[PDB]
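Starting off, we have a lone chain in the form deposited in one PDB entry, written out as structure tokens.
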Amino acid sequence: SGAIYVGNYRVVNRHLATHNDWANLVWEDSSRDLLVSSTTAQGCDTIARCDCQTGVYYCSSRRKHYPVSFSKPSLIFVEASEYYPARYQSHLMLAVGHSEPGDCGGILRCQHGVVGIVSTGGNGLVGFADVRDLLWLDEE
């Protein structure tokens, strides 16, 4: 579990969005596994605006943050998980590291701020849904 709180937006994995998220929907994209809903309180996170490929992510299933190198966001085939069938996911970054289903929502961060959230796992990789292209998260 986990979210990004930027401005008056809450960014969550689409597959973990709640009814309240859907009832306050801003934007969602199944191919990216992302959903954004509106919030009443302003959030503490800053979105990275960069093309870093190194950062640190939180792994709930280890209670640890790990430094990783990761691929640039791409269209990637993802094997079946507990929450999606096998399918292509867009805007996905991969690193070598541990990720189970409940790790989804952990933040990946670089020197510029939040890069994305855990979205995929298995076979010794962790996949992160990028948010750095969503420039509108920083205004309105």
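Rigid core: the largest C-alpha set superposing within 1.5 Å between the two forms. Each residue number is its position in the shown sequence, starting from 1.
- Set 119-127 against 5-13 and average the Cα temperature factors; 5-13 ends up higher.
- When the mean C-alpha temperature factors of 49-57 and 80-88 are read from the deposited coordinates, 80-88 comes out higher.
- In this entry, the residue among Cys104, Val26, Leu34, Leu94 with the greatest C-alpha B factor is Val26.
- Sort the modelled residues of the chain by CA B factor and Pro67 lands in the lowest third.
This next part talks about the form deposited with a small molecule bound, which is not shown.
- Though the partner is left out of this view, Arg49 does not reach within 4.5 Å of the small molecule in the entry with it bound, counting heavy atoms only.
- Only one entry in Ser81, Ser60, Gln89, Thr39 has its C-alpha moved by 2 angstroms or more between the shown form and the other one when the rigid core is superposed, and that entry is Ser81.
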